[PDB]
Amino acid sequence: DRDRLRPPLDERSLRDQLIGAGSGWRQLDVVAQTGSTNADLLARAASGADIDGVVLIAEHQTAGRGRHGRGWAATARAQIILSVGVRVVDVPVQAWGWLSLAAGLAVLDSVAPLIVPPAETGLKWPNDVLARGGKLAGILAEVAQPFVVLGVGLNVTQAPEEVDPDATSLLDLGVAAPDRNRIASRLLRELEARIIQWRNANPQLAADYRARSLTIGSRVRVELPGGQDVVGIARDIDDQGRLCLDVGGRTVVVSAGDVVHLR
């Protein structure tokens, strides 16, 4: 079935394209299986390793992490499962929130042309990559000074029945034979540019995010950490990467939470 549409990644090829002159990526490894690529890179940094510009890709992830203590389901060779290390200590802490937003924009730009784009194809705050209403990719940013580990889970041929009822994949969107080697290459290249833009506070980063946001201008219900709900209209993203809500004339700024686009 879908397994035949899932050939293995070419580590040697990815290294030839992404490592060398003109590229910031220093190290790239493809492992057959791990618990969590985010956990692994955090473990490396915890033992003194310099993970800046280091890429770890897993064909399969058995104990995937999600935001707010949730999980991330996956089957072998059905997704692009990677984590990258980013040195952030040179950047003010108030701007670290934009790093995760930049990541989702990069993931989206890497797969957007492969799709015609149906309704609801863009970014849901924080960095949910949505397509036709379904969650195409999820991003997780975890802190390990002086680094931030950026995690990306992109559904390539992953069936929604195998992971989550609200999930979608490139295959379920119409992409017949998605090449994970091509996509991963474009992903990390888009990611490199966005990280550089974030590090230098490039205005275009925020501009490109707004142009691809599905949340801004929509009536939403935001489920805050702690279990409280806030209903209003998303208006803008501030300089810290936080969602600014219009609640009956009052401005409510949210740093973290789950966004639901309402009727």
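Residue numbers run from 1 along the displayed sequence. Here the rigid core means the biggest group of C-alpha atoms that line up within 1.5 Å when the two forms are laid on top of each other.
Two stretches, 183-191 and 118-126, are weighed by how far their CA atoms sit from the shown form in 8 other deposited structures of this protein after rigid core superposition; the farther one is 118-126.
The deposited sequence places 1 to 3 unmodelled residues between residue 115 and residue 116. On average the C-alpha atoms of 65-73 have higher B-factors than those of the other stretch, with 65-73 and 50-58 being the two compared. Higher average CA B factor: 1-9, of the stretches 253-261 and 1-9. Comparing the C-alpha B-factors of 79, 168, 100, 83 in the entry, the top value falls on 100. If you compare the C-alpha temperature factors of 149, 154, 119, 123 in the entry, 119 comes out highest.
Annotation for residue 215: CA B-factor lies in the lowest third of the chain's modelled residues. Sort the chain's modelled residues by C-alpha temperature factor and residue 162 lands in the highest third, per the entry. In the deposited entry, the Cα temperature factor of residue 244 places it in the lowest third of its chain's modelled residues. Per-chain ranking of the deposited C-alpha B factor places residue 179 in the middle third. Ranked by Cα temperature factor within the chain, residue 87 sits in the middle third according to the deposited record.
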